[PDB]
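As structure tokens, the structure follows; a few thoughts come after it.
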Amino acid sequence: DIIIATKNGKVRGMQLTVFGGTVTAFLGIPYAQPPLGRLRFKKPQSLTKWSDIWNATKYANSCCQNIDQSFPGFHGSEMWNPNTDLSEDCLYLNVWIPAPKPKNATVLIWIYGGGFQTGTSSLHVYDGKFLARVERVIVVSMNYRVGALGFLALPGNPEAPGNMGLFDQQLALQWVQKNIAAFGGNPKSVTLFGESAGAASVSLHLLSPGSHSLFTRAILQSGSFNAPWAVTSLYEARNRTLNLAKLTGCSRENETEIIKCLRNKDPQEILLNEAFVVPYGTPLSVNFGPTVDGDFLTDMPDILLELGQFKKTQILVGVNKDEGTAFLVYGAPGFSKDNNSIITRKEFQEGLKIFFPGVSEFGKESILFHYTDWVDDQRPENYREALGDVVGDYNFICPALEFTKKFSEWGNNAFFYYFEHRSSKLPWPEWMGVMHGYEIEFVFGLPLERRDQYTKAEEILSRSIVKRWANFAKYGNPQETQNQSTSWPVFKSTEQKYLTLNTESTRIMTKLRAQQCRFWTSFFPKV
Ligand SMILES: *[C@@H]1O[C@H](CO[C@H]2O[C@@H](C)[C@@H](O)[C@@H](O)[C@@H]2O)[C@@H](O[C@@H]2O[C@H](CO)[C@@H](O)[C@H](O)[C@H]2NC(C)=O)[C@H](O)[C@H]1NC(C)=O
Ligand SMILES: *[C@@H]1O[C@H](CO[C@H]2O[C@@H](C)[C@@H](O)[C@@H](O)[C@@H]2O)[C@@H](O[C@@H]2O[C@H](CO)[C@@H](O)[C@H](O)[C@H]2NC(C)=O)[C@H](O)[C@H]1NC(C)=O
Ligand SMILES: *[C@@H]1O[C@H](CO[C@H]2O[C@@H](C)[C@@H](O)[C@@H](O)[C@@H]2O)[C@@H](O)[C@H](O)[C@H]1NC(C)=O
Ligand SMILES: *[C@@H]1O[C@H](CO)[C@@H](O)[C@H](O)[C@H]1NC(C)=O
Ligand SMILES: *[C@@H]1O[C@H](CO)[C@@H](O)[C@H](O)[C@H]1NC(C)=O
Ligand SMILES: *[C@@H]1O[C@H](CO)[C@@H](O)[C@H](O)[C@H]1NC(C)=O
Ligand SMILES: [Cl-]
Ligand SMILES: [Cl-]
Ligand code: NA
């Protein structure tokens, strides 16, 4: 029986057997007042405090969110859907600690992705019990508000200031600072890690003055705030907020009246209108996201990054070989998870209209010119392959490389990886390759469970990743020092060395996607 005394009360956890050892789990500890009623759309309020023992013995509710219904019955998509009841009462976190209680362990805090519109900490691929068991770190993860309920913005108005879901994250980080020594953790050794929107979040915590002293280091998996989907301008934000008002019959003249109205709508009415606050969207739409609010974010973040105004510390950044393939079966003509999706020059053109709503015609011709100089066979899968690369390079890979260059130009060590292993258990078709999201299970150590039908080469790959991530968090250096592994060099502007992660041998390469990113990074933002 394990009871830990926290500043807000006592909590009881539960013991789990993992690989012939024990980890203790505290699932669903609250970290804020439930944001209901008049608290809807507001910054999270700190926690009142209970007496008696809070039982943290199951995962809490997930925050309200629309769900992916494109492939009912399909594990590939359904594995990302929420697996606890949805509810506005969702502000909870989880802690996993090694047994016996460690003495001053390093802390890993996970922030989930989901486009800022979806996600939850209780997914199976985010289970922190392997990391605690194997590397004797503490793992924490939190639920934060997503969609309008987490990011609705009427700039300058504390009834709806914007960025509320980012303040949920921040307050969870504060909870770790005040409470983690009680569970055996070292608050002076805290690493944030995250994927996609969760990576983008990690990168804004690097820019946010209020987050500066709540963590030590940061890991960014497939995402950063300079991605084109990650930050909403103040103009779009207001247009979207009134557009949602209009659609829910909440249009008013006094802005506090709109918010007051919207606080009487009920969750399903808000969720149901989120998709249309925008004339045209794409499979990568972030209708309600981070904004420059003058509080969490004090200036456009491209300016902060260029001019060196962020937390000085080490970073670990990466991307997957086929980032862009997942999104093509959500609306590109000729694509299906149920066939090899050979498409034609003209389907490719239509595909760009889907992914670049506009985007002048010259904008779109220039993408085509740059990605369709075949060399050459012909090669029926030429156009199918080119559309995934377009989507991956633009949305994930070039933005992560550019964040990494600029961050490192200010004097800090940075490490970059390119993950190129396709899970032997991937339920999506072969043509989709090393998809977005499918490194996560390796980072969390799921392939360490033999019972689970991964190959031997995959167990070893996972074991090596887990060690590198842990060494990064503990010591600031992602090396695996014992099994004569390849050294991971720091990434600098100039040489730009990166490390490949795959089940054969890993290599040091230079200048990932050099020609492609010159296009996205120098030219395209002009059109
Ligand atoms: C700001 O919003 C307007 C409003 O248009 C929207 O009305 C909302 C309530 C919502 O239902 C949404 O689906 C609808 O489009 C946008 O204006 C629209 O823009 C398109 C393309 O230019 C026009 O064809 C429409 O006529 C026009 N609608 C109206 C009613 O004027 C506008 O684009 C948007 N501006 C942005 C992007 O900030
Ligand atoms: C690969 O499949 C796509 C997807 O559309 C189809 O999915 C199949 C598995 C099957 O159930 C089919 O009936 C379903 O519509 C095909 O794209 C479609 O191609 C058909 C040609 O009949 C068009 O009529 C559809 O408009 C088009 N749909 C979309 C949304 O793209 C595609 O042709 C097929 N390609 C192959 C076999 O290479
Ligand atoms: C636990 O260690 C504390 C300091 O260790 C951290 O100090 C940071 C500045 C940074 O170097 C981290 O990477 C270090 O790991 C120490 O001050 C505490 O007193 C220790 N607490 C214990 C053991 O009770
Ligand atoms: C907390 O959990 C334990 C389960 O054994 C129980 O004994 C205790 O009464 C619980 N309190 C509740 C259910 O609120
Ligand atoms: C709008 O209504 C709010 C809410 O009662 C009120 O406090 C505010 O003064 C009004 N704003 C103006 C200046 O019209
Ligand atoms: C090192 O290699 C051995 C096999 O010789 C393996 O079992 C062990 O887990 C490896 N350690 C890491 C951190 O990869
Ligand atoms: Cl043509
Ligand atoms: Cl190696
Ligand atoms: Na050009």
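Note on naming: chains are A, B, ... as they come in the structure tokens, residues start from 1 per chain, ligands start from 1 in the order shown.
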
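With only C-alpha atoms taken into account, the protein and nucleic acid residues at most 10 Å from residue A:77 (excluding it and anything under 4 positions from it in its own chain) are residues 68, 69, 70, 71, 72, 73, 81, 326, 427 and 428 of chain A.
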
Same residues, N, CA and C atoms, saved as an mmCIF file, in the first residue's frame:
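Okay, out.cif is ready:
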```cif
data_model
loop_
_atom_site.group_PDB
_atom_site.id
_atom_site.type_symbol
_atom_site.label_atom_id
_atom_site.label_comp_id
_atom_site.auth_asym_id
_atom_site.auth_seq_id
_atom_site.Cartn_x
_atom_site.Cartn_y
_atom_site.Cartn_z
ATOM 1 N N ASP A 68 -11.842 10.624 -34.583
ATOM 2 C CA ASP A 68 -11.619 10.198 -35.979
ATOM 3 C C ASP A 68 -12.513 8.955 -36.375
ATOM 4 N N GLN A 69 -13.512 9.177 -37.245
ATOM 5 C CA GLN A 69 -14.515 8.150 -37.650
ATOM 6 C C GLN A 69 -14.334 7.746 -39.091
ATOM 7 N N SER A 70 -13.171 8.045 -39.669
ATOM 8 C CA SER A 70 -12.925 7.661 -41.055
ATOM 9 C C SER A 70 -12.813 6.175 -41.272
ATOM 10 N N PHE A 71 -12.245 5.431 -40.334
ATOM 11 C CA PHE A 71 -12.084 3.989 -40.558
ATOM 12 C C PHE A 71 -12.595 3.164 -39.374
ATOM 13 N N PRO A 72 -13.920 3.164 -39.144
ATOM 14 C CA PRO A 72 -14.406 2.427 -37.954
ATOM 15 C C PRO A 72 -13.926 0.994 -37.983
ATOM 16 N N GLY A 73 -13.494 0.455 -36.857
ATOM 17 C CA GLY A 73 -13.044 -0.929 -36.824
ATOM 18 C C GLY A 73 -11.582 -1.131 -37.190
ATOM 19 N N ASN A 81 -7.698 7.251 -30.989
ATOM 20 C CA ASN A 81 -8.905 7.834 -30.397
ATOM 21 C C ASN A 81 -8.838 7.729 -28.868
ATOM 22 N N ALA A 326 0.533 9.653 -43.949
ATOM 23 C CA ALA A 326 -0.700 9.425 -43.178
ATOM 24 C C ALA A 326 -1.854 10.327 -43.642
ATOM 25 N N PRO A 427 -0.334 -1.545 -39.001
ATOM 26 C CA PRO A 427 -1.609 -1.955 -39.627
ATOM 27 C C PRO A 427 -1.933 -1.208 -40.940
ATOM 28 N N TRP A 428 -1.259 -0.076 -41.177
ATOM 29 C CA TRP A 428 -1.393 0.688 -42.428
ATOM 30 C C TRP A 428 -0.612 0.013 -43.588
#
```

What lies within 7 Å of stretch 13-19 of chain A using only C-alpha atoms, ignoring chain neighbours under 5 positions off, as a PDB file with C-alpha atoms, in the first residue's frame?
```pdb
ATOM      1  CA  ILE A   2       1.584   3.290  -1.163  1.00  0.00           C
ATOM      2  CA  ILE A   3       0.469   6.709   0.021  1.00  0.00           C
ATOM      3  CA  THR A  24       4.240   2.213  -8.832  1.00  0.00           C
ATOM      4  CA  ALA A  25       1.581   4.136 -10.872  1.00  0.00           C
ATOM      5  CA  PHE A  26      -0.475   7.114  -9.777  1.00  0.00           C
ATOM      6  CA  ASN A  55      -7.171   7.203  -5.028  1.00  0.00           C
ATOM      7  CA  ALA A  56      -5.064   7.532  -8.229  1.00  0.00           C
ATOM      8  CA  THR A  57      -5.783   4.075  -9.425  1.00  0.00           C
ATOM      9  CA  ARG A 133      11.087   0.128 -14.806  1.00  0.00           C
TER      10      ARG A 133
END
```

Give as a list in words the residues surrounding ligand 6 up to a distance of 10 Å, considering only C-alpha atoms and all ligand atoms.
residues 134, 135, 448, 459, 460, 461, 462, 463, 464, 465, 466, 467, 468, 470, 471, 479, 480, 481, 482, 483, 484 and 485 of chain A

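The nearest approach to residue A:28 among the residues A:94, A:49, A:447, A:43, with only C-alpha atoms taken into account, belongs to A:94.
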
Item to complete: From stretch 59-236 of chain A, collect each residue whose DSSP state is strand (DSSP E or B) and return the set as a ChimeraX atom specification.
Response: /A:62,86,92-98,105-111,138-142,185-195,217-221,232
